[PDB]
């Protein structure tokens, strides 16, 4: 029992982190097969940050403009033999395949989804933590500028699914990045301009999962006979910065295991949103919306209702 922010083990990803340097800019890259991925803003000099011409920058660089090095494990200096843009990513082809390339896929995650982040600095892994893609397609992580190129991923059946490369910090504690097809998460540009975020929202289904986790962990004071219809909840959600609720099988199974209905949990959200009455749930006095139903399922596996 217990519920904590848990990440996927980072070893397979650590084997792929490298340092990329272009001019006086340096950040992290991801080395898979004969390719190194890193944010394209590595090419942009500080004085062009507000209006970069990335097409111009790209072909103003030679291959030997890029220095790519692996600092950890089997160290190496890697020769770049081609460079091109993939959306807001720079794709460096190098002349040696990473012998430690894991089995991997690329995916783009949806708002509400969690993934693990390996934070890196200067081509060295420094920390691991888990984030959730926010309603406005940002994340709440912990990064420095040198952390650009840090990698988000999930893991299943020994396959690493790479889903995020860190690109920038928008506002205090608020970050975004791109998937590895080079599409930036959200409506964000890799420029130095004031950009406005769409308003964030609590992810309802994640809050519901969290409330089920709580009940399975013996915390159930917030459960009342009170229920609210899904249609009524969703109306209310529109005006109170919560996502619409749509049921899933895993939520139904958490309901079955606890004996607490989905409608009771949505009612509890409406009451709790108004205030926690000086009480806590799994140690918090605010709604937690970064646990998916799948994240919860992993940490309550085999846990029996009491």
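Positions refer to the first chain, counted from 1.
- As the entry records it, the average C-alpha temperature factor is higher for 280-288, out of 280-288 and 5-13.
- Once the C-alpha B-factors are averaged per stretch, 98-106 and 186-194 rank with 186-194 first.
- Highest C-alpha temperature factor among 118, 76, 86, 139 per the entry: 76.
- Of the candidates 205, 228, 165, 159, the PDB record gives 159 the highest C-alpha temperature factor.
- The PDB entry assigns residue 200 a C-alpha temperature factor belonging to the highest third of its chain's modelled residues.
- In the PDB entry, a CA B factor belonging to the lowest third of its chain's modelled residues is recorded for residue 32.
- In the PDB entry, a CA B factor belonging to the middle third of its chain's modelled residues is recorded for residue 57.
- Remark: residue 151 belongs to the lowest third of its chain, ranked by C-alpha B-factor as recorded.
- Compared with the other modelled residues of the chain, the Cα B-factor recorded for residue 143 ranks in the highest third.
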